[PDB]
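Worksheet: the structure to be examined is printed underneath.
Taken together, the values in this text are just the output of simple stated rules run on the coordinates, not laboratory data. Here the Cβ is made from the backbone with ideal geometry for all residues, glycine too, and neighbour counts use every protein chain on show.
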Amino acid sequence: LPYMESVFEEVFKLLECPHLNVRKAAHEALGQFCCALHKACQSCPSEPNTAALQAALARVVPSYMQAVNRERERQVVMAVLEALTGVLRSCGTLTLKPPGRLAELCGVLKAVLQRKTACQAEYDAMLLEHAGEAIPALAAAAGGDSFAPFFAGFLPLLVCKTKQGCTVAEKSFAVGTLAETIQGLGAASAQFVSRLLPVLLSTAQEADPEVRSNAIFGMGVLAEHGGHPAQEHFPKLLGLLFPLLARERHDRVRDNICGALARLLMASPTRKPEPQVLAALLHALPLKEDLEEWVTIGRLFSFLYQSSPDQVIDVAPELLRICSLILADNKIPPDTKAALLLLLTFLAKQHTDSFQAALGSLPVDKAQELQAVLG
């Protein structure tokens, strides 16, 4: 720590410099050093360490704010937007404590978005894409309820990049931005379900697999976080999302569709997951592209064992087929493994004839293999 303060103090002096990239790497460095300092304060929460960290944020963040609507070199502002996003991702709440810091940060982001800043053509698409990248980290940092009245104004500007006739990169970045922002909005995303659902419903009728994956992930996340206003459309969502699990080939979209269906089933209260639904989801499993969804699938497995068991027993072939090829894969979260084998030990110890009928057409070595751990 006595070494770090000299680094803040010396790097900060590089902003009174007339050279572009020096101010650039200065803002970059300050952001990375605040993130590092935070990660350090998390290993040993020494109250002077959190104190020193806040002392650093209170000067680095207003320097960014000052830089966006005053600095005339767009590249430097871009670097600032990346850095501020990195801080908003690492520190989160700690950056928004001083009253009005959220409202100000939102004001500066707004300024970049509608080109009302001091530094205002590839740097334009990138400036807007960076201020864009800063929305979901700020929503996550502030906790949705505090951030929603600004996302009301952010939403149109960000849906413009969704209208038919934009770059696949434009469309897809903006859409993924919206999904991430739903996640960061949490329960307050319920306010926006009506305005968002046409956007995800249309942008999943898109050719490129990146746009479709971002939009279907957006559907699942909206279903999970949207609450009661989202629940009204669950039959509609499942309606569009049940054909494509056989209609569609790009495996990334297969993965994000399985994820979206898991969010749906887990967030839909009444009754049990419809049989053909969970059946198709388990057919498309295991994932191959967006592996981050496995955690979700893990939860879903758990979800089953808690809400309904008199339905897992009929997808047991699928449910130990997935298992016998997903523990050699040491890139799968081990609590996802734990959930799936909790379903399995259920099926074995309480419904054995279905369990043995399910070990049926696995390979004999895979059968004995699954018999190794569980009795």
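Observations on the model:
- Region 156-205: number of residues that are among the polar types (S, T, N, Q), out of contact with any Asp or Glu (no Cβ under 9 Å at 6 or more places or on another chain) and within 19 Å of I257 (Cβ to Cβ): 3
- Candidate set: region 42-84, residues that are acidic (D, E) and in a helix (DSSP H, G or I); chosen: the one surrounded by the most Cβ atoms within 10 Å (Cβ to Cβ): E82
- Leading residue by the ranking (nearest to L94 (Cα to Cα)) among those in region 134-158 that are of a type outside the set (A, V, I, L, M) and buried (at least 18 other Cβ atoms within 10 Å of the Cβ): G143
- Restricting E224, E292 to residues that are under 22 Å from the mean Cα position of the chain (by Cα), acidic (D, E) and buried (at least 18 other Cβ atoms within 10 Å of the Cβ) narrows the list to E224.
- Every residue from region 85-122 that is assigned to a loop (DSSP other than H, G, I, E, B) and of a type in the set (V, I, T): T117
- Some residue of region 240-248 being in contact with a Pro (Cβ under 6 Å, 6 or more places away or on another chain) and either outside any helix (DSSP H, G or I) or surrounded by fewer than 19 Cβ atoms within 10 Å (Cβ to Cβ) (or both): no
- From the options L53, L1, residue that is over 25 Å from the mean Cα position of the chain (by Cα) and over 24 Å from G100 (Cα atoms): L1
- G143 over 18 Å from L105 (Cα atoms) and either of a type outside the set (S, T, N, Q) or under 18 Å from the mean Cα position of the chain (by Cα) (or both): no
- Any chance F150 is under 23 Å from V80 (Cα atoms), in a helix (DSSP H, G or I) and out of contact with any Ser or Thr (no Cβ under 6 Å at 6 or more places or on another chain): yes
- Filter pass, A131 being crowded, with 20+ Cβ neighbours inside 10 Å, small (G, A, S) and within 25 Å of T296 (Cα to Cα): no
- Residue in region 5-16 that is surrounded by fewer than 17 Cβ atoms within 10 Å (Cβ to Cβ), under 27 Å from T181 (Cα atoms), of a type in the set (A, V, I, L, M, F, W, C) and out of contact with any strand residue (DSSP E or B) (no Cβ under 6 Å at 6 or more places or on another chain) present: no
- Taking the listed residues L359, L341, the one that is of a type in the set (A, V, I, L, M) and closer than 21 Å to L300 by Cα is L341, with no other qualifying.
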